[PDB]
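Asks: One file: upload-v4.cif (mmCIF, N, CA and C atoms).
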data_structure
loop_
_atom_site.label_atom_id
_atom_site.label_comp_id
_atom_site.auth_asym_id
_atom_site.auth_seq_id
_atom_site.Cartn_x
_atom_site.Cartn_y
_atom_site.Cartn_z
N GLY A 1 -7.99 -9.47 -7.08
CA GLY A 1 -7.93 -8.11 -6.47
C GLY A 1 -6.66 -7.99 -5.62
N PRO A 2 -6.66 -8.53 -4.39
CA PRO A 2 -5.48 -8.46 -3.51
C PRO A 2 -4.45 -9.54 -3.82
N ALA A 3 -4.92 -10.79 -3.87
CA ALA A 3 -4.03 -11.91 -4.16
C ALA A 3 -4.48 -12.63 -5.43
N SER A 4 -3.70 -13.63 -5.84
CA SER A 4 -4.03 -14.39 -7.04
C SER A 4 -3.86 -15.89 -6.78
N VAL A 5 -2.68 -16.27 -6.30
CA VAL A 5 -2.40 -17.67 -6.01
C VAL A 5 -1.27 -17.78 -4.96
N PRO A 6 -0.03 -17.38 -5.29
CA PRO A 6 1.08 -17.45 -4.31
C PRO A 6 0.97 -16.39 -3.22
N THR A 7 0.71 -16.84 -1.99
CA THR A 7 0.58 -15.92 -0.86
C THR A 7 1.95 -15.66 -0.23
N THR A 8 2.58 -14.57 -0.66
CA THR A 8 3.90 -14.21 -0.13
C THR A 8 4.08 -12.70 -0.14
N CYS A 9 4.09 -12.14 -1.34
CA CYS A 9 4.26 -10.69 -1.49
C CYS A 9 3.54 -10.20 -2.75
N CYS A 10 3.28 -8.90 -2.80
CA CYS A 10 2.60 -8.31 -3.95
C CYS A 10 3.41 -8.53 -5.22
N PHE A 11 2.70 -8.61 -6.35
CA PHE A 11 3.36 -8.82 -7.63
C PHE A 11 2.79 -7.87 -8.68
N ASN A 12 1.46 -7.80 -8.74
CA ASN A 12 0.79 -6.93 -9.69
C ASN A 12 0.56 -5.55 -9.07
N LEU A 13 1.50 -4.64 -9.32
CA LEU A 13 1.40 -3.29 -8.79
C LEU A 13 0.15 -2.60 -9.31
N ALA A 14 -0.36 -1.65 -8.52
CA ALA A 14 -1.56 -0.91 -8.91
C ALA A 14 -1.20 0.21 -9.88
N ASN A 15 -2.05 0.39 -10.90
CA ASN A 15 -1.82 1.43 -11.89
C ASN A 15 -2.73 2.63 -11.62
N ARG A 16 -3.94 2.34 -11.17
CA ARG A 16 -4.90 3.40 -10.86
C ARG A 16 -4.59 4.02 -9.50
N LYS A 17 -4.29 5.32 -9.51
CA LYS A 17 -3.97 6.03 -8.28
C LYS A 17 -5.13 5.94 -7.28
N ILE A 18 -4.81 5.56 -6.05
CA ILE A 18 -5.82 5.44 -5.01
C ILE A 18 -5.98 6.78 -4.27
N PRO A 19 -7.22 7.19 -3.94
CA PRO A 19 -7.45 8.46 -3.24
C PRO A 19 -7.17 8.37 -1.74
N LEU A 20 -6.97 9.53 -1.12
CA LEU A 20 -6.69 9.59 0.31
C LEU A 20 -7.97 9.47 1.13
N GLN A 21 -9.02 10.13 0.67
CA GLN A 21 -10.30 10.10 1.37
C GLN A 21 -10.82 8.67 1.49
N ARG A 22 -10.48 7.84 0.51
CA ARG A 22 -10.91 6.45 0.51
C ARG A 22 -9.88 5.55 1.20
N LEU A 23 -8.68 6.08 1.43
CA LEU A 23 -7.63 5.29 2.08
C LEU A 23 -7.96 5.05 3.55
N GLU A 24 -7.60 3.86 4.02
CA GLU A 24 -7.84 3.50 5.42
C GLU A 24 -6.51 3.21 6.12
N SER A 25 -5.62 2.52 5.41
CA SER A 25 -4.31 2.18 5.96
C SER A 25 -3.41 1.63 4.87
N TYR A 26 -2.19 1.27 5.24
CA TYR A 26 -1.24 0.73 4.26
C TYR A 26 -0.25 -0.22 4.95
N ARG A 27 0.28 -1.16 4.17
CA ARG A 27 1.23 -2.12 4.71
C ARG A 27 2.37 -2.37 3.72
N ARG A 28 3.60 -2.24 4.21
CA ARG A 28 4.77 -2.46 3.37
C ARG A 28 5.45 -3.77 3.75
N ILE A 29 6.05 -4.41 2.75
CA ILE A 29 6.74 -5.68 2.98
C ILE A 29 8.17 -5.61 2.45
N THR A 30 9.09 -6.20 3.20
CA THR A 30 10.49 -6.22 2.81
C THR A 30 11.27 -7.26 3.62
N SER A 31 10.58 -8.34 3.97
CA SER A 31 11.20 -9.40 4.75
C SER A 31 12.16 -10.22 3.89
N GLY A 32 12.65 -11.32 4.45
CA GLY A 32 13.58 -12.18 3.72
C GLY A 32 12.87 -13.38 3.09
N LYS A 33 11.59 -13.58 3.45
CA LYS A 33 10.84 -14.71 2.90
C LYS A 33 9.96 -14.26 1.73
N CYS A 34 10.42 -13.23 1.02
CA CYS A 34 9.67 -12.71 -0.12
C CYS A 34 10.59 -12.54 -1.33
N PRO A 35 10.07 -12.68 -2.56
CA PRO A 35 10.88 -12.54 -3.78
C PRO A 35 11.04 -11.08 -4.20
N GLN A 36 10.06 -10.26 -3.84
CA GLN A 36 10.09 -8.84 -4.19
C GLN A 36 9.64 -7.99 -3.00
N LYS A 37 9.82 -6.68 -3.13
CA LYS A 37 9.43 -5.76 -2.06
C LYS A 37 8.55 -4.65 -2.62
N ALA A 38 7.47 -4.34 -1.89
CA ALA A 38 6.55 -3.29 -2.32
C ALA A 38 5.63 -2.88 -1.17
N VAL A 39 4.64 -2.06 -1.49
CA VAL A 39 3.70 -1.59 -0.49
C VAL A 39 2.28 -2.01 -0.86
N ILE A 40 1.41 -2.04 0.14
CA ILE A 40 0.01 -2.41 -0.07
C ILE A 40 -0.90 -1.37 0.58
N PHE A 41 -1.87 -0.89 -0.18
CA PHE A 41 -2.79 0.12 0.34
C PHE A 41 -4.16 -0.49 0.60
N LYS A 42 -4.86 0.09 1.57
CA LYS A 42 -6.20 -0.38 1.92
C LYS A 42 -7.17 0.79 1.92
N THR A 43 -8.26 0.63 1.18
CA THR A 43 -9.27 1.68 1.10
C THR A 43 -10.32 1.49 2.20
N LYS A 44 -11.43 2.21 2.08
CA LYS A 44 -12.50 2.10 3.07
C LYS A 44 -13.59 1.15 2.59
N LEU A 45 -13.21 0.18 1.77
CA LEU A 45 -14.16 -0.79 1.25
C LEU A 45 -13.76 -2.22 1.63
N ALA A 46 -12.93 -2.35 2.67
CA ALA A 46 -12.48 -3.66 3.12
C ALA A 46 -11.72 -4.39 2.01
N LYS A 47 -10.96 -3.62 1.23
CA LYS A 47 -10.19 -4.20 0.13
C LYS A 47 -8.75 -3.69 0.16
N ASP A 48 -7.82 -4.56 -0.23
CA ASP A 48 -6.41 -4.19 -0.25
C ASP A 48 -5.87 -4.23 -1.68
N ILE A 49 -4.93 -3.34 -1.96
CA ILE A 49 -4.34 -3.28 -3.30
C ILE A 49 -2.82 -3.16 -3.20
N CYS A 50 -2.13 -3.64 -4.23
CA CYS A 50 -0.67 -3.59 -4.26
C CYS A 50 -0.21 -2.23 -4.78
N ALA A 51 0.99 -1.82 -4.36
CA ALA A 51 1.54 -0.54 -4.78
C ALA A 51 3.05 -0.52 -4.61
N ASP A 52 3.74 0.02 -5.61
CA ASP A 52 5.20 0.11 -5.56
C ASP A 52 5.63 1.45 -4.97
N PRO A 53 6.81 1.53 -4.35
CA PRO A 53 7.30 2.79 -3.75
C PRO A 53 7.97 3.73 -4.75
N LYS A 54 7.80 3.46 -6.04
CA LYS A 54 8.40 4.31 -7.07
C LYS A 54 7.34 5.10 -7.83
N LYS A 55 6.13 5.19 -7.27
CA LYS A 55 5.06 5.93 -7.94
C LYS A 55 4.90 7.31 -7.31
N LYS A 56 4.09 8.15 -7.95
CA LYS A 56 3.85 9.50 -7.45
C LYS A 56 2.70 9.51 -6.46
N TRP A 57 1.72 8.63 -6.69
CA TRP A 57 0.57 8.55 -5.80
C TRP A 57 0.87 7.62 -4.63
N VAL A 58 1.78 6.66 -4.85
CA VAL A 58 2.15 5.74 -3.78
C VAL A 58 3.06 6.45 -2.79
N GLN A 59 4.00 7.22 -3.32
CA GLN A 59 4.93 7.96 -2.47
C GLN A 59 4.16 8.96 -1.62
N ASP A 60 3.28 9.71 -2.27
CA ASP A 60 2.47 10.68 -1.56
C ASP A 60 1.52 9.96 -0.61
N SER A 61 1.05 8.79 -1.06
CA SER A 61 0.14 7.99 -0.25
C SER A 61 0.86 7.51 1.01
N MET A 62 2.02 6.90 0.82
CA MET A 62 2.80 6.41 1.95
C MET A 62 3.20 7.56 2.86
N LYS A 63 3.66 8.65 2.25
CA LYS A 63 4.05 9.82 3.02
C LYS A 63 2.83 10.40 3.74
N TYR A 64 1.69 10.31 3.07
CA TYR A 64 0.44 10.82 3.63
C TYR A 64 0.10 10.05 4.90
N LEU A 65 0.06 8.73 4.78
CA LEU A 65 -0.25 7.88 5.93
C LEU A 65 0.84 8.00 6.98
N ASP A 66 2.08 8.01 6.51
CA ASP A 66 3.22 8.13 7.40
C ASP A 66 3.19 9.47 8.13
N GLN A 67 2.69 10.49 7.44
CA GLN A 67 2.60 11.82 8.02
C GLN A 67 1.37 11.94 8.91
N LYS A 68 0.23 11.52 8.37
CA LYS A 68 -1.02 11.58 9.11
C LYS A 68 -0.98 10.66 10.32
N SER A 69 -0.29 9.54 10.17
CA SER A 69 -0.18 8.57 11.27
C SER A 69 0.51 9.22 12.48
N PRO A 70 0.13 8.83 13.71
CA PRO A 70 0.74 9.40 14.93
C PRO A 70 2.06 8.71 15.29
N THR A 71 1.99 7.40 15.48
CA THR A 71 3.18 6.63 15.84
C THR A 71 2.85 5.13 15.86
N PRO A 72 3.82 4.26 15.52
CA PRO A 72 3.59 2.81 15.51
C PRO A 72 3.72 2.19 16.90
N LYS A 73 3.41 0.89 16.99
CA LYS A 73 3.49 0.18 18.26
C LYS A 73 3.03 -1.27 18.09
N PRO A 74 1.80 -1.50 17.58
CA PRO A 74 1.29 -2.87 17.39
C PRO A 74 1.82 -3.52 16.11
#
Output the file's structure as structure tokens, nothing else.

Replies:
Amino acid sequence: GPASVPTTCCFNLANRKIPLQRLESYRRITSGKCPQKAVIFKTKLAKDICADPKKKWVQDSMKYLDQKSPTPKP
């Protein structure tokens, strides 16, 4: 589901568009200790999924959370 074996960064991007009502949060990665860069979405089922920033639902999803979100800090 979320991981497979190498714990570093997402690899298997999500194909099934995730809904907003079920979305809880999201996490993006782009550090230097990773082979690739992408985003990760979290639904309201205590589960995380991989997502690339070149999708239509991921972009809207990220923009949605980024828009709905108030401001970062922690």

Asks: With distances taken over only C-alpha atoms, which residue among A:62, A:39, A:49, A:71 lies nearest residue 16 of chain A?

Replies: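 When distances to residue 16 of chain A are compared using only C-alpha atoms, the smallest one comes from A:49.
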
Asks: Compare A:36, A:30, A:67, A:59 by their minimum atom-to-atom distance to residue 10 of chain A, counting only C-alpha atoms, and give me the closest one.

Replies: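 Of all the options, A:36 lies closest to residue 10 of chain A.
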
Asks: Can you tell me how far atom CA of residue 21 of chain A sits from atom CA of residue 40 of chain A, in Å to one decimal?

Replies: 16.3 Å

Asks: Expand the PyMOL selection byres (((chain A and resi 34 and name CA) around 10) and name CA) into the individual residues it matches in the shown file, reporting them as a VMD selection string.

Replies: chain A and resid 7 to 10 29 to 33 35 to 37

Asks: Just N, CA and C atoms for this one: save the residues we selected as an mmCIF file, in the coordinates of the input.

Replies:
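selection-v3.cif written:
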data_model
loop_
_atom_site.group_PDB
_atom_site.id
_atom_site.type_symbol
_atom_site.label_atom_id
_atom_site.label_comp_id
_atom_site.auth_asym_id
_atom_site.auth_seq_id
_atom_site.Cartn_x
_atom_site.Cartn_y
_atom_site.Cartn_z
ATOM 1 N N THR A 7 0.710 -16.840 -1.990
ATOM 2 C CA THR A 7 0.580 -15.920 -0.860
ATOM 3 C C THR A 7 1.950 -15.660 -0.230
ATOM 4 N N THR A 8 2.580 -14.570 -0.660
ATOM 5 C CA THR A 8 3.900 -14.210 -0.130
ATOM 6 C C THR A 8 4.080 -12.700 -0.140
ATOM 7 N N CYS A 9 4.090 -12.140 -1.340
ATOM 8 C CA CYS A 9 4.260 -10.690 -1.490
ATOM 9 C C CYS A 9 3.540 -10.200 -2.750
ATOM 10 N N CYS A 10 3.280 -8.900 -2.800
ATOM 11 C CA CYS A 10 2.600 -8.310 -3.950
ATOM 12 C C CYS A 10 3.410 -8.530 -5.220
ATOM 13 N N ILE A 29 6.050 -4.410 2.750
ATOM 14 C CA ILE A 29 6.740 -5.680 2.980
ATOM 15 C C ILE A 29 8.170 -5.610 2.450
ATOM 16 N N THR A 30 9.090 -6.200 3.200
ATOM 17 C CA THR A 30 10.490 -6.220 2.810
ATOM 18 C C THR A 30 11.270 -7.260 3.620
ATOM 19 N N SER A 31 10.580 -8.340 3.970
ATOM 20 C CA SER A 31 11.200 -9.400 4.750
ATOM 21 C C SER A 31 12.160 -10.220 3.890
ATOM 22 N N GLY A 32 12.650 -11.320 4.450
ATOM 23 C CA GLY A 32 13.580 -12.180 3.720
ATOM 24 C C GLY A 32 12.870 -13.380 3.090
ATOM 25 N N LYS A 33 11.590 -13.580 3.450
ATOM 26 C CA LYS A 33 10.840 -14.710 2.900
ATOM 27 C C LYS A 33 9.960 -14.260 1.730
ATOM 28 N N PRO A 35 10.070 -12.680 -2.560
ATOM 29 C CA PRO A 35 10.880 -12.540 -3.780
ATOM 30 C C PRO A 35 11.040 -11.080 -4.200
ATOM 31 N N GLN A 36 10.060 -10.260 -3.840
ATOM 32 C CA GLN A 36 10.090 -8.840 -4.190
ATOM 33 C C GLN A 36 9.640 -7.990 -3.000
ATOM 34 N N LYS A 37 9.820 -6.680 -3.130
ATOM 35 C CA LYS A 37 9.430 -5.760 -2.060
ATOM 36 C C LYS A 37 8.550 -4.650 -2.620
#

Asks: Enter the distance from atom N of residue 42 of chain A to atom C of residue 19 of chain A, in Å, rounded to one decimal.

Replies: 9.2 Å

Asks: Put a box with edges along x, y and z around all the listed atoms of segment 39-48 of chain A, pad it by 8 Å on each side, then give me its centre and sizes in Å, one decimal, as JSON.

Replies:
{"center_x": -4.8, "center_y": -1.2, "center_z": 0.7, "size_x": 34.8, "size_y": 22.8, "size_z": 20.8}

Asks: Distance atom CA of residue 55 of chain A-atom N of residue 74 of chain A, one decimal place?

Replies: 26.8 Å

Asks: Please return, as a list in words, all residues of segment 12-74 of chain A that DSSP assigns to strand (DSSP E or B) on the basis of the backbone.

Replies: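 Filtering segment 12-74 of chain A to strand (DSSP E or B) leaves residues 23, 24, 25, 26, 27, 28, 29, 38, 39, 40, 41, 42, 43, 48, 49, 50 and 51 of chain A.
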
Asks: The PyMOL selection byres ((chain A and resi 24) around 7) - which residues does that actually catch in the file I just gave you? List them as an MDAnalysis selection string.

Replies: chainID A and resid 20:23 25:26 41:44

Asks: For residue 38 of chain A, please output as number ranges by chain all residues within 6 Å (counting only N, CA and C atoms; exclusion window: fewer than 6 positions along the same chain).

Replies: A: 27-30, 51-53
